[PDB]
Amino acid sequence: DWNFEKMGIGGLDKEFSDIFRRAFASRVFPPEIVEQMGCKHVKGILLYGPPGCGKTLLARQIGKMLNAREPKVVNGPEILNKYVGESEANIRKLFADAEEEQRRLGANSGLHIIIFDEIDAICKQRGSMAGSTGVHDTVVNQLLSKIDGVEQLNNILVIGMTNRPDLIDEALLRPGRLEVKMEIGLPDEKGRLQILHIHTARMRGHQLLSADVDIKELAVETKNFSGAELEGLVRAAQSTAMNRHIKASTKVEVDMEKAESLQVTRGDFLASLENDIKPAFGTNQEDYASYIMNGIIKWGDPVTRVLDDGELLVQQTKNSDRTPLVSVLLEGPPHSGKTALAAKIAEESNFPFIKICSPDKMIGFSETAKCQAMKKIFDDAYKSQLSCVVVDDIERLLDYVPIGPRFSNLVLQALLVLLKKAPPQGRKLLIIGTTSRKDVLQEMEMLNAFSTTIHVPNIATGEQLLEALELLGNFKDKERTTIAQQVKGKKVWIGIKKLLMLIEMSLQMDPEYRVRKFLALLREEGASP
Amino acid sequence: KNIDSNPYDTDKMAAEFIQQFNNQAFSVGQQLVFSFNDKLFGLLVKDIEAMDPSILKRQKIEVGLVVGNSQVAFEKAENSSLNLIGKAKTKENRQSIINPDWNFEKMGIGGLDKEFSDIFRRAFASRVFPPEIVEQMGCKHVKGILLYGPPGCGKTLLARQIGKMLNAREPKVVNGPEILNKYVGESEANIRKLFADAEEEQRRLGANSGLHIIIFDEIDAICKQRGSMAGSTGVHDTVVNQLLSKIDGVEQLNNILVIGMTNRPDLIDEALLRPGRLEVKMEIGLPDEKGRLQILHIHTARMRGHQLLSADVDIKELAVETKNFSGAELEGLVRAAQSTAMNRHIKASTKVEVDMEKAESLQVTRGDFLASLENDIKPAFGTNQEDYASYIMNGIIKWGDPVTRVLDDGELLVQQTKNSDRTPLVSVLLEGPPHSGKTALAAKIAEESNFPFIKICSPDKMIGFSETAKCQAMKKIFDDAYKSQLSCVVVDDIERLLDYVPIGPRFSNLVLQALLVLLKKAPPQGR
Ligand SMILES: Nc1ncnc2c1ncn2[C@@H]1O[C@H](COP(=O)(O)OP(=O)(O)OP(=O)(O)O)[C@@H](O)[C@H]1O
Ligand SMILES: Nc1ncnc2c1ncn2[C@@H]1O[C@H](COP(=O)(O)OP(=O)(O)OP(=O)(O)O)[C@@H](O)[C@H]1O
Ligand SMILES: Nc1ncnc2c1ncn2[C@@H]1O[C@H](COP(=O)(O)OP(=O)(O)O)[C@@H](O)[C@H]1O
Ligand SMILES: Nc1ncnc2c1ncn2[C@@H]1O[C@H](COP(=O)(O)OP(=O)(O)O)[C@@H](O)[C@H]1O
Ligand SMILES: [Mg+2]
């Protein structure tokens, strides 16, 4: 039987299918033919995937599916990092029961399962990439010798677990030990629909769930939701709906007046979905809501062209089969409005995964820490069906300073490789960057890595300045006429950001001196190419 | 400018809307101006629906026509003070539920209302109902809470009050670094000697025992590896593994509840923040004016009962001269306002003797409060009186126009940074030739600013420091300024922080790449 909808696990049908078809087909056939052929039994499995997706449930379910003892448990950083001379004793103790049973009745016993949580720490000499590795080869050598060294056993089965699959030494994966490896992944719409159908099953049985609640629609509003957070959403909804019936006094007592009629309504689901349970591979209206701070105003031609090009790039990266990766670089003079446009372009992609790697959250970090943080941010984007990332103010990550010059050579070389890297098969990406010194990056050869570039200009005519002032709607018609009497017969040079500060400074004077001070200010800072 | 709280009849508003905009085209998202009772309002189109067929004979549309029999429903915008009455009010919003009515005065906490309600609704809403209905639903009670805020704002008191409200055993206590004790075999023994009572009670009484609160402290020392991601430092993390194994996993318990309290929310590993582990997260901040009033009104109740408080000592007034006063410093002020009052009625002659003739009339008076407010409690997140006291040395005397110009410009900037909403951050750089008086003309502007929080970061207190120490000190000083509704900060001799020396140059590139970043960082929100 493979009734994988009653055991408790949902959204994983092919994974268990393959795992059984290959590994555990010998332990289900009658022992007669199994002995006649002489086929040996697998004694190792490696599951790897993102954290909080349902890896332990599968382990316990596979253990129970074949009648066996209660699975043991271990932890990675626990067995290691204890008093010397005792870790080996613990490792030897781990298999004591299996060894005793084998010595007692030989080749006729029950499976003894183990679950080696977080295996990519102790059995890892590949710790030297940017910092340093640890001298702990004793543990890995002892484990390898025990599982299969110069001796063998037939009453064991080792299941590993890890969220970093590229930190495992090949010595622990040669055929004969830890052969079958599988990858668990984030569920899609059908997976979420199945998952939401199990965690709320007892409530529906006892007519304690209102008929308005819709699961089909609830399966379309949670995008890139991990498996373990639907449980959190359901629990939050249950808590919210049941808090109305706790009206009490100095000493809290249950409101027995209407203990019945305790019904959960769609409103509570929606409330818990908007205010609480913030996703892991889903982003919020916090990161891309502090960069944009005064909206976007159309003061001329450039805004429309830039937004149109952004939309074209997005629609290319969403409907192409031969260019899974696209990049674009924004540039312009300082105080021109580069950062405030990248966020606006990215916000309208309706992309499930959005993140912003800015330099203001890394203050005082060393080189290696910054490289590792950037690498982690990039790695957290290959796991979603389609994503989008932003890298703003590049020239303050490299630490460029005109004197010297002085850059950091360990960040540029990571940035180039990561910019030219392609994601796994089937997925897509889009990278946007903003910089204010185009003449410097060209020397470093970086510009040849970016697919395309766009130019963001400043205000360069009296008409555009007047239009911006009108749209901002601050000065009256008379003052606008007075200003136009001067600005029109000349040229201007001022970025959009500086205009807000100049207007704010000017507005604080007396009512009759709000124009002269502004005009005086525009002569010193502005109109100065 | 014309906002008012007077009620507005939606039925009349809808009738006037139809009477005016009849046979007119409207589209979703359209913005227009509507006049009602000589009052102007801004209208934004939200939903449009077609009519039903006539009697002789609710689709959504984007554009349509308005007629006499059309219906209009008015809803106030977000954070709108407009008062709307009548049946022409559609109610599609989100408000959760009506939390149980609370009486904070009896418990003894003031200024914390939303946080208390949220914590009770989330963590504890499922530990009050009988086990029957909870079992029928199927649930796994929350077993984790995290709190973080400035010291002395009433964090532990919340936990103790909530624990004593729900009949439960006396809470234990542990200290963060105290559990980091030399060698293994004692720290692990300490971890073991925390849940033995809980597990024994669970085994003895099954799934019917009482709650066992366990209050931590400085949880950012243990379970802290981000501290290694710095310019220096570095330490292996081993104790977090034991606590993680006990809290969740095999032999899990059903009558435990951890409560972690910290001070640096960003020095926490992601290991101890994922659903199933410490779930909820709340923050406690400095109290505001009404908070200070409520706090004071609670600590001076016993004296008022027995008629020990004079009639002229108003409590309302004292809530307007204490700005950015922490929670505990109000208790400190109240305590210090009594020693002075009661230190008068004591005579000593070869031995301290309690006075007898004037023992009665022992009443605390305004003088005690005023003296204590000026020379007793020294605030922490508040205005100093020594920093900008030794900088300006011999006053300021006019010698021409430039002094007037500089002072006027400073005043204009300091008023803009207080009556603006589109530019929360403004910075100005003074400069001139050496030996000209550009450090006694900034302290004067800061002192005339009148902002509650005024600090001065100067190189005089960083003699012999390396680069990392300077970075840490500057970061801490700047961070402290995000905890007040207004802040002014001064940097002196920027050339000295960078260590410039023209046999070179030999500047420091780890301080110049932080000073640039800091000067562009909008405060969290509305500060
Ligand atoms: N059409 C517009 N284009 C760009 N910015 C605009 C526009 N209209 C208004 N703004 C405002 O301009 C500001 C641009 O952002 P910001 O001041 O951070 O510029 P920046 O180029 O990112 O700065 P810096 O060069 O210092 O990194 C934002 O406050 C945005 O509200
Ligand atoms: N504009 C001014 N008018 C009158 N007196 C002034 C003025 N500016 C400063 N003073 C006085 O002169 C002295 C100024 O000394 P201060 O330490 O400020 O020197 P400085 O040249 O600004 O310093 P530094 O060389 O470190 O930049 C103080 O006594 C101050 O009272
Ligand atoms: N695919 C899934 N279906 C149903 N429940 C799940 C699933 N994945 C996780 N859960 C729930 O999450 C809880 C913890 O998940 P766990 O297996 O510890 O995640 P991880 O494998 O990352 O450690 C389990 O008790 C289980 O009920
Ligand atoms: N909101 C508050 N209401 C009443 N008293 C408070 C409040 N906050 C702090 N206090 C007072 O401060 C004293 C100590 O507070 P404490 O719990 O040590 O603060 P922290 O949580 O920062 O350690 C208590 O005796 C308490 O009376
Ligand atoms: Mg000086």
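All Cβ positions, even for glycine, are placed from backbone atoms using ideal geometry, and neighbour counts span all protein chains on display. Please treat every number below as a calculation from the coordinates, not as lab data.
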A:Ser358 versus (1) within 15 Å of ligand 1 (Cβ to nearest atom); (2) within 25 Å of A:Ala422 (Cβ to Cβ); (3) away from chain B (no Cβ under 14 Å): which is the lone unmet condition? (3)
Just a yes or no: is a residue in region B:468-476 exposed (fewer than 15 other Cβ atoms within 10 Å of the Cβ), of a type in the set (D, E, K, R) and more than 16 Å from ligand 5 (Cβ to nearest atom)? yes
Of the conditions (1) in a helix (DSSP H, G or I); (2) under 25 Å from B:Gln161 (Cα atoms); (3) more than 7 Å from chain B (Cβ to nearest Cβ), A:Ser249 clears all except one; give me its number. (1)
Return the residue satisfying two criteria in turn: it lies in region B:104-125 and is of a type in the set (D, E, K, R) and away from ligand 4 (no atom under 14 Å from the Cβ), and of such residues it is nearest to B:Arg292 (Cα to Cα). B:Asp118
Hey, could you check region A:40-87 for residues that are under 18 Å from A:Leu178 (Cβ atoms) and among the charged types (D, E, K, R) and say which is nearest to the other protein chains (Cβ to nearest Cβ)? A:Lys72
Please go through region A:76-128 and give me each residue that is over 29 Å from B:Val239 (Cα atoms) and hydroxyl-bearing (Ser, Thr, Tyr), ordered by number. A:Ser109
Total residues in region A:210-240, condition in contact with a helix residue (DSSP H, G or I) (Cβ under 8 Å, 6 or more places away or on another chain) and facing chain B (nearest Cβ under 8 Å): 4
Residue that is nearest to ligand 1 (Cβ to nearest atom) [pool: residues in region A:366-397 that are in contact with a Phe, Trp or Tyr (Cβ under 8 Å, 6 or more places away or on another chain) and of a type in the set (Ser, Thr, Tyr)]: A:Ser387
Answer with yes or no whether B:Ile222 is of a type in the set (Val, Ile, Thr) and either under 30 Å from B:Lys483 (Cα atoms) or assigned to a strand (DSSP E or B) (or both). yes
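For the structure I just gave you, tell me whether B:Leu272 is in contact with a strand residue (DSSP E or B) (Cβ under 9 Å, 6 or more places away or on another chain) and either more than 28 Å from B:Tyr482 (Cβ to Cβ) or away from chain A (no Cβ under 14 Å) (or both). Reasoning before the result, please.
On the way: in contact with a strand residue (DSSP E or B) (Cβ under 9 Å, 6 or more places away or on another chain): yes; either more than 28 Å from B:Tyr482 (Cβ to Cβ) or away from chain A (no Cβ under 14 Å) (or both): no.
Judged against the criteria, B:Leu272 is not a match.
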Within region B:114-156, how many residues turn out to be more than 26 Å from B:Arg264 (Cβ to Cβ) and of a type outside the set (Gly, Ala, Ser)? 17
Please work out which residue is nearest to the chain's Cα centre (by Cα), limiting yourself to region B:78-95 and to residues that are closer than 14 Å to B:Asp11 by Cβ and among the basic types (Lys, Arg). B:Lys89
Could you grab me the full set of residues in region B:236-269 that are of a type outside the set (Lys, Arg), within 17 Å of the chain's Cα centre (by Cα) and farther than 30 Å from B:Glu105 by Cβ? B:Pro265, B:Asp266
I need every pair where a residue in region A:200-214 that is surrounded by 11 or more Cβ atoms within 10 Å (Cβ to Cβ) has its Cβ under 9 Å from the Cβ of a residue that is aromatic (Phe, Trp, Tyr) and in a helix (DSSP H, G or I), sequence separation at least 6 or different chains. A:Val213/A:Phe269
List, please: which pairs have Cβ atoms under 8 Å, are six or more places apart or on different chains, and start with a residue in region A:75-98 that is at positive phi and end with one that is in a helix (DSSP H, G or I) and among the hydrophobic types (A, V, I, L, M, F, W, C)? none
Here are some residues: B:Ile259, B:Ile298. Which one is within 16 Å of ligand 4 (Cβ to nearest atom), closer than 20 Å to B:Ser372 by Cα and away from chain A (no Cβ under 14 Å)? B:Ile298
Are any residues in region A:279-318 at the interface with chain B (Cβ under 10 Å from one of its Cβ atoms), closer than 30 Å to A:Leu230 by Cα and of a type outside the set (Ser, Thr, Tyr), and if so, which ones? A:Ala280
For region B:488-517, which residues satisfy the criterion of being under 31 Å from the mean Cα position of the chain (by Cα), closer than 25 Å to B:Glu448 by Cα and aliphatic (A, V, I, L, M)? B:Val489, B:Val490, B:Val491
Given the conditions (1) within 14 Å of another protein chain (Cβ to nearest Cβ); (2) surrounded by 15 or more Cβ atoms within 10 Å (Cβ to Cβ); (3) on the phi > 0 side of the Ramachandran plot, every one holds for B:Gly111 apart from (1)
Select from region B:92-123 the residues that are in a loop (DSSP other than H, G, I, E, B) and hydrophobic (A, V, I, L, M, F, W, C) and list them in ascending order. B:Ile97, B:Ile98, B:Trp102, B:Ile109, B:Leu112
Region B:134-154 - residue that is surrounded by fewer than 18 Cβ atoms within 10 Å (Cβ to Cβ) and at the interface with another protein chain (Cβ under 10 Å from one of its Cβ atoms) and, of those, nearest to B:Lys290 (Cα to Cα): B:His141
Against the definition (over 19 Å from B:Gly149 (Cα atoms), within 12 Å of ligand 4 (Cβ to nearest atom) and of a type in the set (A, V, I, L, M)), how does B:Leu286 come out, yes or no? no
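Here is a check on your reading of the model: is B:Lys182 assigned to a loop (DSSP other than H, G, I, E, B) and closer than 30 Å to A:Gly205 by Cα? Please lay out each step first, then the result.
Values: assigned to a loop (DSSP other than H, G, I, E, B): yes; closer than 30 Å to A:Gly205 by Cα: no.
So B:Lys182 fails the test.
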Subset of region A:335-351 that is more than 8 Å from ligand 1 (Cβ to nearest atom) and either over 12 Å from A:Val314 (Cα atoms) or of a type in the set (A, V, I, L, M) (or both) - its residue that is nearest to the other protein chains (Cβ to nearest Cβ): A:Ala343
Counting only helices (runs of 4 or more DSSP H) wholly inside region A:66-148, the ones holding at least 2 residues that are loosely packed, with under 14 Cβ neighbours inside 10 Å are A:87-94, A:96-105, A:137-148
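With region A:421-500 as the region, which helices (runs of 4 or more DSSP H) entirely inside it contain at least 3 residues that are over 23 Å from A:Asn294 (Cβ atoms)? Give the derivation first.
Details: elements: A:438-444, A:462-472, A:477-487.
Fully inside region A:421-500 and qualifying: A:438-444, A:477-487.
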On the basis of being of a type in the set (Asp, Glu), away from ligand 5 (no atom under 16 Å from the Cβ) and touching a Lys or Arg at 6+ places or on another chain (Cβ under 9 Å), does A:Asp308 make the cut? no
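What is the residue count in region A:241-286 for residues that are surrounded by fewer than 14 Cβ atoms within 10 Å (Cβ to Cβ) and polar (S, T, N, Q)?
Selection size over region A:241-286: 6.
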